[PDB]
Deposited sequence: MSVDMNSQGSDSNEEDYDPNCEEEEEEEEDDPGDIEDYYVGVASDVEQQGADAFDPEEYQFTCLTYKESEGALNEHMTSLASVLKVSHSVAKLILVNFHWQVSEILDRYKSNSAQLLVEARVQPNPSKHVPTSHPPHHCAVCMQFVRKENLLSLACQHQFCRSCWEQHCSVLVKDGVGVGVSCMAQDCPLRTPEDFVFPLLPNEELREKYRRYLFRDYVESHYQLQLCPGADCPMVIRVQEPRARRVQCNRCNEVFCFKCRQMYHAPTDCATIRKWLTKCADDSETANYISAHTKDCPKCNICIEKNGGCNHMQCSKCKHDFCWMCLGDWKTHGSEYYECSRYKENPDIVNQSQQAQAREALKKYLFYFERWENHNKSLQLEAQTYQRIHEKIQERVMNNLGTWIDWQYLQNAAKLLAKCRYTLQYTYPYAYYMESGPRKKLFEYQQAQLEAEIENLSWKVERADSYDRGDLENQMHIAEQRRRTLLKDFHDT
């Protein structure tokens, strides 16, 4: 009777992870189902043929609301912008053909069947799926897929075309993405699009959702691209530029090389724990905090590694001074913790726990903006 309502008598300021992002892994069959559902929804709300619906969808990144309001605004300009309707004896192979063998698009440019059959095959062999368009110059009217299937001769092709269409459809969809790993039939789905950390559940590949490159937490996707590409009075300018590039690159490369001694220190810590266990100075459960400390140290080093490119581009001001001060403090704490965990013979559980709490707080301080 005294201990009845205890579970509801006990915060949102620091509890939340400032690097949390919810996603879900999808296979090809489920992607097919999702795309088909969207197709049969839009092609009914906005009654058209299914292929026309797909061409409209790819142009606007598969956003139902925007398409559906632009339709009520002006359906005519909606269709025109999707490159379906034109904006308001064969010129390819100069010959004469019976009218029964003439096929034309909505733009009404007339060419015979043989060149239509060969053009699509040649462009498919190149590796394009949506780039097919009309032959005559200066008309961007793309061809729906139901106008491309009957032209393709064989069954070896007609399956590469579907793969290309699937790839382009997934690329254009704002909620889906493809795993950058080699030969991975996996698709990532997120309710909202943002630049965060995404991990595959099959090949365990870590990448950013938008740029598909390596995860870059406190740095814009385009900012790191030019850094990766890079990596008299004008003489002084060049000397100073090289000097500051070296001043940042020394720490960048320190951490880059350090991200292999992660596993190497894991090995030494395993050795030390095994030694202290085999000398009967305790049990296994009494020495497990060193591994957690090592993981925390590696995480902090990664975070610090991906801040120097971001600090290289700040405009001089109080924010730069504060960021540098906090960076120095976190570096000092990192060195102190590493010295206590790696090159010490004794150990105090309370002291190491307090140091771990301080180090975690110091790391969390830097991400106050992101």
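**Q** Counting from 1 along the deposited sequence, give me every gap where there's no C-alpha, start to finish.
**A** Several regions go unmodelled: 1-36, 47-48, 127-137, 281-351, 491-493.
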